[PDB]
Structure formats: structure tokens, C-alpha cells
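Encoded as C-alpha cells, the structure appears first; notes follow it.
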Amino acid sequence: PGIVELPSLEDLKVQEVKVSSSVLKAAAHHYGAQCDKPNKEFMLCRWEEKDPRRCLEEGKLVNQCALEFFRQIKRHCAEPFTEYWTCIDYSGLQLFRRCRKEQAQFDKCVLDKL
Amino acid sequence: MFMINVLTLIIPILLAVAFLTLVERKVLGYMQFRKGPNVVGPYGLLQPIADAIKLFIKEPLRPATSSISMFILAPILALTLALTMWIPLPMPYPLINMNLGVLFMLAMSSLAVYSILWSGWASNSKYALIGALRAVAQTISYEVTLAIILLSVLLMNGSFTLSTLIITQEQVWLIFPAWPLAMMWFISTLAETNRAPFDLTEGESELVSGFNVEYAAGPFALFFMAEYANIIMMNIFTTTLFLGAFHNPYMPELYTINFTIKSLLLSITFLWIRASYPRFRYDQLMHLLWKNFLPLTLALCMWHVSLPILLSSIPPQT
Amino acid sequence: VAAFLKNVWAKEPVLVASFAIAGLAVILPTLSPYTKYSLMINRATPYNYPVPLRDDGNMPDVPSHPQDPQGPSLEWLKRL
Amino acid sequence: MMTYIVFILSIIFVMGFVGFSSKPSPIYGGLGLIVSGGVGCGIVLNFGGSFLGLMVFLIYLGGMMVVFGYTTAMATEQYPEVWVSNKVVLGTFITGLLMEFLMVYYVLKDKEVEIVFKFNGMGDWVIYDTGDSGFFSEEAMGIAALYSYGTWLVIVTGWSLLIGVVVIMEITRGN
Amino acid sequence: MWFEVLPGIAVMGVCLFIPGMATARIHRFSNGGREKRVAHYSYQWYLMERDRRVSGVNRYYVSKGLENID
Amino acid sequence: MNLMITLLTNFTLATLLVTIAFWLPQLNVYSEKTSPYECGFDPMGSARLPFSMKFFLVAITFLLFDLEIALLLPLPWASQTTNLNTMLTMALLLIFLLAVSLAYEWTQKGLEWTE
Amino acid sequence: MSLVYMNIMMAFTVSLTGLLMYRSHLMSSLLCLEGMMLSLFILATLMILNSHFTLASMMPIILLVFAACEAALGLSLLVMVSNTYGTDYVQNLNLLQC
Amino acid sequence: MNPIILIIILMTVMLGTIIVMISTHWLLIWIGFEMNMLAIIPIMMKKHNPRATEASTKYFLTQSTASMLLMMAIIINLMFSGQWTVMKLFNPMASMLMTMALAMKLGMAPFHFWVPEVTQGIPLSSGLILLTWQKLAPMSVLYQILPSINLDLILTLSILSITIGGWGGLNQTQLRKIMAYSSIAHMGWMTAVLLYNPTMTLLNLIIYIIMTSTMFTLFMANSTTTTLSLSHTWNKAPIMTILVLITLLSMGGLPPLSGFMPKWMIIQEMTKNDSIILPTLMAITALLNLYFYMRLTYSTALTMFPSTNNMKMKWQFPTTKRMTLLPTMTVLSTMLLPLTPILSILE
Amino acid sequence: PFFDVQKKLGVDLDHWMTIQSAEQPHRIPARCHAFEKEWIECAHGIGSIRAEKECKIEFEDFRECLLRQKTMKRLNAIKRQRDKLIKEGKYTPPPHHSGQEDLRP
Ligand SMILES: CCCCCCCCCCCCCCCCCC(=O)OC[C@H](COP(=O)([O-])OCC[N+](C)(C)C)OC(=O)CCCCCCCCCCCCCCCCC
Ligand SMILES: CCCCCCCCCCCCCCCCCC(=O)OC[C@H](COP(=O)(O)OCCN)OC(=O)CCCCCCCCCCCCCCCCC
Ligand SMILES: CCCCCCCCCCCCCCCCCC(=O)OC[C@H](COP(=O)(O)OCCN)OC(=O)CCCCCCCCCCCCCCCCC
């Protein structure tokens, strides 16, 4: 039949959000609340046209937005966030309910700073 | 470093099996107005060692009229089934975390009967066949009620995972909202482990030695430690089900010591049950789990299906 | 019917207890008002991904942000 | 070799099937079907459905123990041909094992065989999926949906089982 | 008296203390000083292999914080 | 992978003790040691005779009730549905049909043993 | 298709030739029947799990339920046969030949 | 037997048949087949004699093996289709296995061996229920999948069963074996036309059901199971001899009786498609069927066999049997030929 | 005698199961949901003869999604040629197929 189409490797290159899953899980709610617009645009397009080859620039944009959010986090409250994701990462199942004190500390620092 | 973990699981359980034989002989001495073994060592601490060394220097004695393949295969299956029984037990971290551990215990409980059945069949004996058919009748008596009791209890847990059973009763004990289910569970595991008053397989009065009446030393010891590992892990299973302890993820030794004390007290109560009651018949047991336990269990299963819908207390499945 | 109940409780109390428990379990979800809360709790558990709809222009009920006022909230799950 | 894990489990599956389909003695047929059920549970567990494997293993173990009781009551003789005790049983066991190993050698050489369908030579890891299942297991959710979707299936299954109890009780009556 | 069985009971106590503490220590050693990850469903497995890929050591318990990014 | 390593470790622990229990000690095997044990006297017939079983009906209904409880185990996952009323009704109806079958066997003397 | 399908249908064919050639024992043919139902179960759940037909996961449970129901029926008929004659041999069922 | 249990079992048999007839799923078709078989097993064990055990065991083994082949065909269709709808099969292997499964369920040669033995070993009412009710669900499923059946296989089965039933009906003195071989011939007649026009198969099914029901009710009313027992009816009730005479004349396809209408329409339909040798062969083997019908009607109606002395004692008592719908069914089985274009309602 | 009762009465008994693209618990899609949708919509209301004549492309593509004959056939060709090239000595595998390449995410 037809020769299948595939974008070149230069179109797929992007700066990566290189963090562990505990960093994502700790700041999941802030990431969901702050970066809703490019994430939801990417999700709408990805569910609409059903093609990852036509949904690449929006993935690029969502990577830049997530990296910008984390770079903003690193500038102000690096140490409470470090303690919070460490207390998340000790748990085997990564429970939210075992680190309510670091939850309050991170929430207070982020709310007062940003 | 998984093989080190496996070895450090499988060696202490058989050491504790030998010392449970010691403790059982001492308690079975001390309740009946006498003493246990206290001559071999300091308060008889070397009796299981002497018993173990004695049983491995005696004659093997494979019978001529017995099919040798199944005769050798059955004790190996019994010991291996008792040894792989212990794997997903969380103390507080299991060796193998499994999504469905409860069904694995149920399937391996079904499989472990076949060692008794084939050891009875292979040894060409009438008493061995009698013990084998008594084991068959005992299994068809207890298995349905055991599975449905465990089903109607796990409905408040949300999943078959045993580690979730620690979290699901971290507020209050699970023996409170299922105390009747706890009693019938205890009776069902008394019947599962072939212990008194539901022995009915290794009967020393109705028969001489049951399905292992032809098994000489060595191979017979495999059935002995298989049965004692079975009773220890079944008490451990009951302790996890109904008597969950406080778990600190930073100090797991607290949960380990609490759990160990509770399971030891359960085994003490098990030997206490052993030295108190006459043995049932093997048809009176069939009229016990069917005419008395099964209708109440069906009613309790209706109750524990409707109750989470009733109180909006459906547990999470995650 | 009271004499029969006394006789059956004197003879086989296990069957009486089982029949009472089964009857309780049958007739209680009909009359209890907390079952709808269980229904809504089961409905409000997010297993899938909540995919967004294209904004044509005439849809003021659906929000534009997770922190917008309009939409189905879960205050009752906190209070209960 | 480890990529062919389901292949090795299916070869033990067919080995047990030809062990107990020779019909040596129903005790050894029971042992063979126990082996086949356990390794079939293994096969379907590497394909992902652990619940289905555990159920088929448990159900077949219960049925095999009851039928063991039956043959110790009913289907037994003085000298049971356990294996090698009869000419035709040993002959057909060897014939089945030889045929099975022959076609395994054939499919591990040409990497394609044609018995009436066409079967490929690689392992069955290729036909898997690269996506994730999220926060649920598909088989458990399907058999959970048995209650909420399949009300008709529940009705016909329960009625068939109740009249099956009636059927077996009115068969063993004697008059 | 009745406390002479307590030697054997205490020996059973330490023999049942051994395997749980051994599994706890082995899990805390072979996972970089933390609890072993529990992957019940495939989302947790995908996240665990995501950490295994970002870590760069082919060892997922080596956890990279936010200092990895620019 | 770890489960097969554990099962193999248990199996070669079990078969190591049997293999050292057959070759180690001194053996004195005669044509009297391996005779079947019949409480001191010679048996009167073979041990492979038909050993008749009285609980056949209970075994058949054990198969049927084992399958009934096999159908019943998806209940913890089925409680996580949205059509909660229909699931509750079908669970209750299945358990009620199980109880009806048990009661019909009870009233018809099916659980009573033959002879 | 995959070679696991080859082995599953090949096991089904083995148990089919086992059922269709009797060895003077009815219970062995019953065992072959349960082997065939086990093979059907394995084949069905393999394709159902591979093609992600999630709603069809309730099917093989029902198939195995009816398998056990017909097995129980076979055992009951075998009790009647063994209560008429001495044994369960299939050659004793030759009254309907005249 | 408890009549409540008997009523429940009969309604369960009917429920399995309609579950097959109304479902749009292959698994539901299979469930209906299983529940029908497992509910009709104890009807055949009503009198509890060894012959009933033999008949039940042979019937159970045959229907079990046929159900296994049915399930294998269903699973192969699921593999090659990914769906479950009751329509044509998407694989020739599945079509062949399904056709042999339904042939084994229908008692078609060369899977015909169990039918005379099972029919003989069970009472007359259970044989009637078998030969009429049980031969509807396989015919319904065969009606559903007619785009996919191989023509050569089904025509081989049809002419083979016609020849074998007509030949085997010549060597029987028991009435139930005669009726089973006649049933085999009639299923050959119906399925020879199924791939050409299935309305002809439905018409043949209805007429054969009516005819064999009338004859089984006659045999139940006279309480005769052998031909020498049937020969006493002229000394008991001559009107019943007239009834069996006209029904045996109709069963051989002798015009102007209603049993000739199915064979006439089969020959009419199969010659629109230029097949002339086959309906001639089916006509000659129908002549063989008419031969053993003629032998039976010579035994019971056209001659007066010697009777016994206790027939006087039987003369003194009038019959109290429940001959349900016997005159209506006899009239429908004899004189439905001038109403032949009624068959269009089955279209 | 397909006495269709379900459409006459308006109830459904086995209609939700019969195809792979029906309603699923929280909308879990099958592997070939789209191909089944295309083949079903191609051959609706035109009969079986016109279904096998006028939707052969869609049906055979769906059947290739189901069993994947040609996919493993092409993979077998590639694997066999690569093995022969490796054994003969005209090919060397790249480093990213050897075990490490500093993987993407
Ligand atoms: C692990 C934690 C602790 C577990 C608890 C058990 C520990 C102590 C064990 C003691 C020794 C046991 C040794 C083995 C004994 C075996 C025999 C045996 O137990 O047989 C069972 C016996 C059998 O009794 P039976 O043998 O006398 O039966 C007589 C039968 N007839 C009459 C036909 C002759 O009892 C039962 O079956 C009862 C089971 C438990 C019932 C629980 C009911 C709870 C309350 C319900 C509600 C009541 C209020 C009224 C209704 C209200 C409604 C709203
Ligand atoms: C002649 C007599 C017999 C002689 C030989 C005896 C051999 C030993 C017999 C005893 C052991 C039988 C085991 C049977 C299968 C048991 C399956 C099992 O334990 O599954 C548990 C578990 C389920 O996993 P799950 O809950 O889904 O969670 C994983 C998700 N992260 O699963 C897992 O965690 C997956 C782990 C890998 C599974 C690989 C596939 C199974 C391997 C089976 C090997 C062969 C077994 C043969 C048994 C024969 C029995 C007679
Ligand atoms: C509607 C509620 C839900 C119903 C569905 C769910 C039921 C769950 C429980 C299932 C029980 C299954 C087994 C039932 C068997 C009943 C028949 C039976 O065996 O009765 C025997 C018994 C007398 O014993 P005996 O005659 O000696 O028995 C022989 C040896 N034991 O006979 C008796 O003891 C009498 C048995 C009949 C009368 C029971 C009355 C119980 C009343 C409880 C309070 C009212 C509850 C409300 C509902 C009305 C119930 C009638």
C-alpha cells in the first residue's frame, strides 16, 4: 500500500523536564492549576485528530510550559519543595497523606511568595 | 540480592516449625498435669535438633507394592506447597507484592490437599485410602465456606491485596464488624489444617497413623514440617485479616513485633484448642459446615454486600 | 405465628438468625437514604481523563478553568 | 530463550494434554490435567489476566480432586496401567510426544508452519501493546461489569445452576 | 513452673522476628535507602520506568530532583 | 521473574532433603520390611478394590457450589460501578438462588448420606 | 498468527482424538472432555486479552461454569452406570443393539 | 417424579429452546444448547431402567462432543472476526465445524448411530419430545448461517442420511427404531433444500413435526411399542387402525395426502437451479421409506392378525387416556394438500 | 426461525457484547476499535453480498489489525535478513540498538 509517514529526528528534539516521578507527584496540583491552558490545548488536539505526528508543536509547547513552571518553583521555594518531595519519595506507594506537614509548609511558602 | 531474601525467609520458618514442635509438646505436657521435654538440654532446648537428626539417619523404607514415583513426589509437593505458601504475607512488607494474594492462598490451599491424597493413594494400604477419602470429604466440606467467608470479609477491604489489609484497619480492628465471620473463619482454618477437633486424616485411634501409616522416617518428617508451617502461616493469615497492627513506615519493627506477638498468641490458642476437645466424626463435620455455617454465611454475604451501599462506605479499590 | 417463631428459635436458632440477617439485607437499601450518596461518590471518582470540549461560543455552563465557579463541585463529599 | 516463555509453557501444556489424553489411568489423567491447568494459568497470567488464571486453576483443582475421589470409588481395577504397563498407551504417548517435538523443530527452523491455519515462528511478545492501562485492570473490570451489564447472563446462569442441582438430584434416585 | 515453656516461646518469637526485619532491611538497602516501590497497576510501572530513564544510571532509586533542570 | 526463582528455590530445598534421606543411612531391606501394614496380620484382599463412597451427591453439589462462589468473587470490583442498584439486585439474586438450591437439597434429604 | 495459538489448538486436537477413541473407561473420556473445555477457555481468554475486548472478559467464566455443570451431569450419569453394572466400562452399554 | 419438578424441567427445556431462537450472540446460543441438553437428560431417565441409563449416556456423550465442536467453531469465528453476532461465519474451518456440530445434534448420517438406540431406550413421550422439540434449535442455527455452509458437505450429509435412513428402516420390528430412521431420512430431505430456499425447510419441518406427533400420540393411545403389539388394535379399536393407516400412507409421501406436499415442493424448488439427478435419487429412497410404511400398514390395518383371549377383558373397558389434540393433528396430517399456498406465510 | 424478540419488545439481552466497539466500563477502547467502526459503517444496510463485495478493503484491513499476519511477516523478513547479514559479515548493529544511548525522557 502506502509508505508510512514519520517526522525526522530534528522535529522531535526538545529540552526535557528531567525530574523524578516524586517531583511531579509532589507539585501535581500546582502544575495542574497553573499550566492548564497549553496542557488542555494539547489534550484537545490529541483527542481530536488522533495522530501524534500532527500533535508535535503542542507537545513542544507543553514541555516549555512545564519547564518554565518548575524553573519558577526553583527560584523561590527550593528548600521546602526539596523536603516535601523527599518526604513523598520515601514512601513505597508515594502516599499523599503521610506528608501533610510538608504540604502545609510548601503551600504557605508558595502562597506567600508567588 | 533476592536469593538472600528467599533464604532468610525459608530458613527461619522451618526453625520456628521445629521450635513449635518443642512448644507444642511442652504445652501439651503442661496442660495435662505433667511436664514437657526437659532432660535433653537446658529446659529441653535441644529436643527438635535430636528429633531432626534422628529422622534423617533411619531407614527410608519404600514399599514394594507402592508406586514409587508418586510415593516420592507427594512429600516434596507437601513441603514445597507449605514453603511457597508464605511468600505474599506482609510482615509488613511481603516477599512478593501481589495484586491478588488471597486467591493465591486459596489456589495453593487447593493444591496442598493433593499431596495428602497422592501419599494415601500411592502407598498400597487400606488405611491410607481411608485417610485419603476422609481428606477428600474434609476438603469438599470446608472449601466453599472458607472461600465465601474470605469473600464477604474482603468486601470491606476493597481488593484482594494483603498489604491493603494493613491500611484498611489502621483505625479499628476488623474483628469488630465481622466477629461472627471471625469465629467461623477460625473454625474453618481449624478444619483446613487437619488439627483437633477436626483431625480426621492422621487419626491415631480410628486408624493407626492415617495416610502416612507406611511412611518411615525422613519422608514422614516432610509432612510434619509441612503441617506445622501450614498452621503457623494460617494463624498469621488470621492475624493479618482480623487483627491488624499499627504500622510505621519509618520503623517496620514495631509492626513486626506486634504481629509476631499476636500470631504467637493465636498459635498458643491453637494448641489450647488441640488439648481440650474430642475429635469429630468425618460426616458430622460435613453436617457442620453445610447445615450451620453455609446458610449464615450466605446471609452475612448479603449483609456485607448491601452494607457498603447502605452506609456509603464503599472502600477504594486503589 | 408467634408460637411457630418460638418453636423455630427453640430448635434451630442459626436458621432464624440467617433468615433475619438476609431479610434485613434485602429490605434495608430500599428504605435507607444514604445510598444516593454512595452513588454520587462512585460517579465522582475520576478514572478517565476529563477531555475538554471545543469552545464554539455558546456554552456558558461549562467552565474554562478548574478553579472557575461553574461546574460540578465536591463540597458535599467533604461535609457528608 | 526467555522471550519464548509462553512457548515453553505451551509446550508443557501440550505435553500434559498428550500425557492424559492417552488415558492411562484416571489418577494419572488427573495428575496430567492438574499440570495442564496450572501451566495454562501461567500462560494466561503472562498474557495479563491473573484473575482468570487463578479462577481456572482453583476450579480445575477442585473438580480434579472430586473426580479423584470418584475413580478411587468407581473407576479402579486390580493393576492400574499407570504408564508403560500397556502397549497402546505407551505407543500413543510416544507418538504424540514425537509429533509435538517434530512440529516444534519445524516451526523453530522455517519460522513459519501451515497446519490448516498459518503460524509464525517468533515469540508472542510481538503481539503485545505498547500503551498503559492506567489505574485499572481490564479483565477484573470486565468480570466486575458482569454484574452491572450482564443481568441476563446472571439470570440464565443462576437458573441453569439451580435446575442443574435439581437435575442431578432427580437423576440419582433409583426409581 | 509455667514460665519454663517461655524459652521456646521466645525462640519462636525471635524466629518470627527474623524474616520480616530481614525483608525490611533488604528492601531498604537495595532501593537506595528508601522503601521499595509498589507497582500494582501499569501507571505506576510506567512512572517507575520513567524514573529509570531520567536517572541516567539505569537505577530508578537514584532520584533526580529539580536541580537537574536549568 | 522473582516468583519462578522462589518456586525453584523451594523445590530444590524440598528435593535436597529427600535425596539425602535415601542414600545416607545403612539399609537392611528384606521381603518382609516392605509388606503392607494391616495391624500385624496378613491383609484379606488387595488395597485397589472399589472403595465405595456415600457422599457422591455432596461432591457433585460441591462442584456446583464451587462454581457459584467462583461467579461471586468479582464483587469487590463490581461494587465500584455506577449502575449500583442493578449490581446490588443481581448480586442479591445470585446469592438468593444459591440459598434456594441449598434449601431444596436440604428439604429433599440430599445432604443425608446413603446407607 | 502466533505460535501459542498453534500449541493451544494442537492440544485441543490431541484431546479430541483422545475423546473419540475410547479405552474401555468412561471416566477417562470425561477427563478428556474437561481437557477440551480447558483448551477452549485458554484459547478464548488469550485472544480476548490480546485484542483488549474488555467486556468479553466475563465470557470465559460463564463458559467454565457451564463446563462444570455438564461435568457434574456426566458424573451423575456415571454413578447410575456404575450402580447398574459392576464397573464403569463402556462396553457394558450394548443393550440397545437388537 | 414430582409433577412440579417435571413442569419446571419442561419449562426450562422450552426456555433453552427460545434462548437459542431469540438471541443475537453465539455464546447465548451455546448457553441455550447446554441448558436444553442438561434439562432434557432427566426426562429420558423417568422410568429408571438400565436401557434409560444407556440411552442417556450415549445421548450425553454425543451432544457434549457436538457442543465442543460448536464452541470451537464459535471461538475461531471470534478470532477471525472480532465480533459475536449470529450471522454467516467468517472462516470456512468454523463453517465446517459448525455444520458437523449441528449435524451431530440433528442425528444426521454418518453421525446417525445414537438416534435409534436413544429413541428405543426411552419412553414414548420422551422420544416424542426428543424427535420434535430437540430438532428445532439446530435447524434455527442452520437457518441463520446459510450464507456460509459449504454446499458439497451439506448435500453429502443430506443424501447420505436419506439413503442410510431409508435402508435402515427396512430391518426393524420395534416402532421407535422405525421412527428414528424415518426421522433421519426426513432431516436429509429438509437440509437438501436449505441452501436453495429455507422456507421449504421450514414447511418440511412443520409438516414432519405434525405427522410424527400424530403417529406418536397414536402409539401412546394404543400403548403399543412393537409391531406385533400394534397388530391387536383391530380387535381393540378399528378406528385407530384406520387412523394409523391414513397417517402411514401420508408419511410415505403418497398423494393426495399432506405428507406429499413437502417432497413435491422440494423437487419443485431444486429444479429451478438445474439439479435433476439429486431429487430423483431422493424420490427413490423416499420409495424405500414408503416400503417399510407399507409393511407396517399391512401388519396393522389391511389384515386381521390373530388375537388373544384376554382381549375380551380389554373390550369391556373404555379408554380414559389423555389423547391431547389427536383428531386435529390427524386432520392436519392428512388433508392439508388443497391448502398448499398457505406456505407463503413462512416467507 | 430467528424470532427476533429483542427489537419487537425494545429490550436488549446480548446486544452490548456482540461487537468490539460497544459501550465499555469507563470507555476503555479496544485495540482495533477504529477499524471495527470503519468496517461496520461501511457495510450497514447493504446486505451481506454487497458487504463482501464493496467493503473488502476495510474488512481485510480490520482482519490484519486483529491477527497481524503481514506485520509479523515483514518483521520476519527483516529479522532473517539481519541475521544472515550479521552471520556473513556485512553489517554491524548501531550503538543505540546495543543497550545504551541516553534514552529520551
Ligand atoms: C480468631 C479470633 C477468635 C475466633 C473465635 C473462636 C475462638 C474460640 C473457639 C472455641 C472452641 C471451638 C472448637 C471447635 C468447635 C466446633 C463446633 C462448632 O463451633 O460448631 C458450630 C455450632 C454448631 O452448633 P451445633 O453443633 O450445636 O448444631 C446443632 C444442630 N442441630 C440442632 C441440627 C442438631 O454453632 C454454629 O453453627 C454457630 C456459628 C456462629 C454463629 C454466630 C452468630 C452471631 C450472632 C448473630 C445475631 C444474633 C442475634 C439475633 C438476631 C438479630 C438480628 C438483627
Ligand atoms: C509432576 C508434578 C508437578 C511438578 C512440578 C511442580 C512445580 C511447582 C508447583 C507449584 C507452583 C504452581 C504455580 C502455578 C501458577 C501460579 C501463578 C501465581 O502465583 O501468580 C501470582 C502472581 C499474580 O500477579 P498479579 O497479582 O497479577 O500481580 C502482578 C502485577 N504487578 O504472579 C506474578 O506475580 C507473576 C510472576 C511470574 C509468573 C510467570 C508465569 C507462571 C510460571 C509457571 C511455571 C510452571 C508451573 C507448573 C505448575 C505445575 C503444577 C502441577
Ligand atoms: C426473606 C429473607 C431472605 C430469604 C432468602 C435468603 C435466605 C438465606 C438463608 C438460607 C438458608 C438455606 C437453608 C434453608 C433450609 C430450610 C429448610 C430446612 O432444612 O428446614 C429444616 C429445619 C428443621 O430442622 P430439621 O427438620 O431437623 O432438619 C433435618 C436435620 N436438621 O426447618 C426450620 O428450622 C424451619 C425453616 C423454615 C422457617 C424459617 C423461619 C425463619 C424466620 C426468621 C424471622 C423472619 C424473617 C423475615 C423473612 C421471612 C422468612 C420466612
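What are the residues in the stretch H:271-284 that are surrounded by fewer than 20 Cβ atoms within 10 Å (Cβ to Cβ) and on the phi < 0 side of the Ramachandran plot, if any?
H:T271, H:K272, H:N273, H:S275, H:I276, H:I277, H:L278, H:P279, H:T280, H:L281, H:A283, H:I284
Can you find a residue in the stretch D:122-131 that is more than 9 Å from chain G (Cβ to nearest Cβ), within 25 Å of the chain's Cα centre (by Cα), of a type outside the set (A, V, I, L, M, F, W, C) and not in a helix (DSSP H, G or I)?
So far as the stretch D:122-131 goes, no, none of its residues is more than 9 Å from chain G (Cβ to nearest Cβ), within 25 Å of the chain's Cα centre (by Cα), of a type outside the set (A, V, I, L, M, F, W, C) and not in a helix (DSSP H, G or I).
Could you check the stretch A:42-60 and list, in sequence order, the residues that are in contact with a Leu (Cβ under 9 Å, 6 or more places away or on another chain) and at the interface with another protein chain (Cβ under 9 Å from one of its Cβ atoms)?
Of everything in the stretch A:42-60, just one residue is in contact with a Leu (Cβ under 9 Å, 6 or more places away or on another chain) and at the interface with another protein chain (Cβ under 9 Å from one of its Cβ atoms), namely A:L44.
Just give me the residues in the stretch B:265-302 being within 16 Å of ligand 3 (Cβ to nearest atom), in a helix (DSSP H, G or I) and either in contact (Cβ under 8 Å) with a residue 12 or more places away in the chain or among the basic types (K, R) (or both), in sequence order.
From the stretch B:265-302, those within 16 Å of ligand 3 (Cβ to nearest atom) are B:281, B:283-302; that's our starting set.
From what's left, in a helix (DSSP H, G or I): B:286-302.
Passing the criteria: B:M286, B:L288, B:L289, B:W290, B:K291, B:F293, B:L294, B:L296, B:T297, B:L298, B:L300, B:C301.
For residues in the stretch A:61-109 being touching a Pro at 6+ places or on another chain (Cβ under 8 Å), over 27 Å from A:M43 (Cα atoms) and touching a residue at least 24 places away in the same chain (Cβ under 8 Å), which is nearest to the other protein chains (Cβ to nearest Cβ)?
A:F106
Please find, within the stretch F:81-115, the residue that is surrounded by the most Cβ atoms within 10 Å (Cβ to Cβ) out of those that are assigned to a loop (DSSP other than H, G, I, E, B) and more than 7 Å from every other protein chain (Cβ to nearest Cβ).
Taking the candidates together, the pick is F:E112.
Kindly indicate which of B:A178, B:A128 is surrounded by 24 or more Cβ atoms within 10 Å (Cβ to Cβ) and in contact (Cβ under 8 Å) with a residue 60 or more places away in the chain. Show your work before the answer.
Values: B:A178 fails: surrounded by 24 or more Cβ atoms within 10 Å (Cβ to Cβ).
Exactly one of B:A178, B:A128 is surrounded by 24 or more Cβ atoms within 10 Å (Cβ to Cβ) and in contact (Cβ under 8 Å) with a residue 60 or more places away in the chain, namely B:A128.
Kindly establish whether B:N235 is of a type in the set (S, T, N, Q) and within 16 Å of ligand 2 (Cβ to nearest atom).
Judged against the criteria, B:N235 is not a match.
Kindly provide the set of residues from the stretch D:132-175 that are charged (D, E, K, R) and at the interface with chain G (Cβ under 8 Å from one of its Cβ atoms), ordered by number.
Selection gives D:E138, D:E139.
Surrounded by fewer than 18 Cβ atoms within 10 Å (Cβ to Cβ) and at the interface with another protein chain (Cβ under 7 Å from one of its Cβ atoms) - does that describe any residue in the stretch F:62-77?
No: zero hits.
Return the residues of the stretch B:58-108 that are among the hydroxyl-bearing types (S, T, Y) and within 24 Å of B:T193 (Cα to Cα); say none if nothing qualifies.
Within the stretch B:58-108, B:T80, B:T84 meet the criteria.
Would the stretch H:310-319 turn up any residue that is over 25 Å from H:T227 (Cα atoms) and more than 21 Å from the chain's Cα centre (by Cα)?
Among the residues of the stretch H:310-319, not one is over 25 Å from H:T227 (Cα atoms) and more than 21 Å from the chain's Cα centre (by Cα), which makes the answer no.
Tally time: how many residues in the stretch B:72-87 are under 11 Å from B:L111 (Cα atoms) and in contact with a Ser or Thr (Cβ under 6 Å, 6 or more places away or on another chain)?
Looking only at the stretch B:72-87, we keep the residues that are under 11 Å from B:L111 (Cα atoms), and these are B:77-78, B:80-82, B:85.
Remaining after also requiring in contact with a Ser or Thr (Cβ under 6 Å, 6 or more places away or on another chain): B:77-78.
Final tally of qualifying residues: 2.
Limited to the stretch H:75-133, what total is found for residues that are without any contact (Cβ under 8 Å) to a residue 24 or more places away in the chain and within 17 Å of the chain's Cα centre (by Cα)?
Residues flagged as without any contact (Cβ under 8 Å) to a residue 24 or more places away in the chain and within 17 Å of the chain's Cα centre (by Cα) within the stretch H:75-133 amount to 1.
Tell me which residues, restricted to the stretch B:302-313, are away from ligand 1 (no atom under 14 Å from the Cβ) and crowded, with 22+ Cβ neighbours inside 10 Å.
Those that are away from ligand 1 (no atom under 14 Å from the Cβ) and crowded, with 22+ Cβ neighbours inside 10 Å: B:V305, B:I309.
Can you find a residue that is surrounded by 11 or more Cβ atoms within 10 Å (Cβ to Cβ) and at positive phi anywhere in the stretch H:318-328?
Yes - at least one qualifying residue is present in the stretch H:318-328.
Just wondering, is there one or more residues in the stretch D:72-91 that are closer than 30 Å to B:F160 by Cα, facing chain G (nearest Cβ under 9 Å), of a type outside the set (K, R) and crowded, with 24+ Cβ neighbours inside 10 Å?
no
Looking at C:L39, C:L5, C:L28, can you tell me which residue is surrounded by 10 or more Cβ atoms within 10 Å (Cβ to Cβ), within 14 Å of ligand 3 (Cβ to nearest atom) and either over 30 Å from B:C301 (Cβ atoms) or within 14 Å of chain B (Cβ to nearest Cβ) (or both)?
Step by step, each of C:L39, C:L5, C:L28 is checked, and only C:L28 is surrounded by 10 or more Cβ atoms within 10 Å (Cβ to Cβ), within 14 Å of ligand 3 (Cβ to nearest atom) and either over 30 Å from B:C301 (Cβ atoms) or within 14 Å of chain B (Cβ to nearest Cβ) (or both).
Hey, B:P42 hits all of (1) touching a residue at least 40 places away in the same chain (Cβ under 8 Å); (2) over 16 Å from E:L16 (Cα atoms); (3) of a type outside the set (K, R); (4) within 9 Å of another protein chain (Cβ to nearest Cβ) but one; which does it fall short on?
It is condition (1) that B:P42 fails.
Mind listing just one residue for me: the one in the stretch F:41-61 that is small (G, A, S) and facing chain D (nearest Cβ under 7 Å) and, of those, farthest from D:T157 (Cα to Cα)?
Per the stated criteria, the residue is F:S46.
Which condition number in (1) in contact with a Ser or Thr (Cβ under 6 Å, 6 or more places away or on another chain); (2) more than 12 Å from chain D (Cβ to nearest Cβ) is the one that B:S152 fails?
Against the list (1) in contact with a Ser or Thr (Cβ under 6 Å, 6 or more places away or on another chain); (2) more than 12 Å from chain D (Cβ to nearest Cβ), B:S152 comes up short only on (1).
Would you check if there is a residue in the stretch B:122-132 being within 11 Å of another protein chain (Cβ to nearest Cβ), within 16 Å of ligand 2 (Cβ to nearest atom) and closer than 25 Å to F:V18 by Cβ?
yes
Are any residues in the stretch D:23-37 more than 15 Å from G:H25 (Cβ to Cβ) and either outside any helix (DSSP H, G or I) or out of contact with any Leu (no Cβ under 8 Å at 6 or more places or on another chain) (or both), and if so, which ones?
Listed by number, the residues that qualify are D:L31, D:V35.
Kindly evaluate C:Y47 against the criterion of being facing chain B (nearest Cβ under 9 Å), over 30 Å from B:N292 (Cβ atoms), away from ligand 1 (no atom under 15 Å from the Cβ) and surrounded by 14 or more Cβ atoms within 10 Å (Cβ to Cβ).
no
Looking only at the stretch B:77-86, which residues are touching a residue at least 40 places away in the same chain (Cβ under 8 Å) and facing another protein chain (nearest Cβ under 7 Å)?
Residues satisfying the conditions are B:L79, B:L83.
Against the condition within 13 Å of chain E (Cβ to nearest Cβ), touching a helix residue (DSSP H, G or I) at 6+ places or on another chain (Cβ under 6 Å) and free of Cβ contacts under 8 Å to residues at least 60 places away in the same chain, how does B:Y30 come out, does it pass?
no
Restricting to the stretch A:1-47, name every residue that is of a type in the set (K, R) and not in a loop (DSSP other than H, G, I, E, B).
Residues satisfying the conditions are A:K25, A:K37, A:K40, A:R46.
If E:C15 meets every condition in (1) within 19 Å of A:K25 (Cβ to Cβ); (2) crowded, with 16+ Cβ neighbours inside 10 Å apart from one, which number is that one?
(1)
Read the figures in this text as sums done on the coordinates, not as results from a lab. Cβ atoms come from the backbone with ideal geometry, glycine included; neighbour counts cover every protein chain shown.
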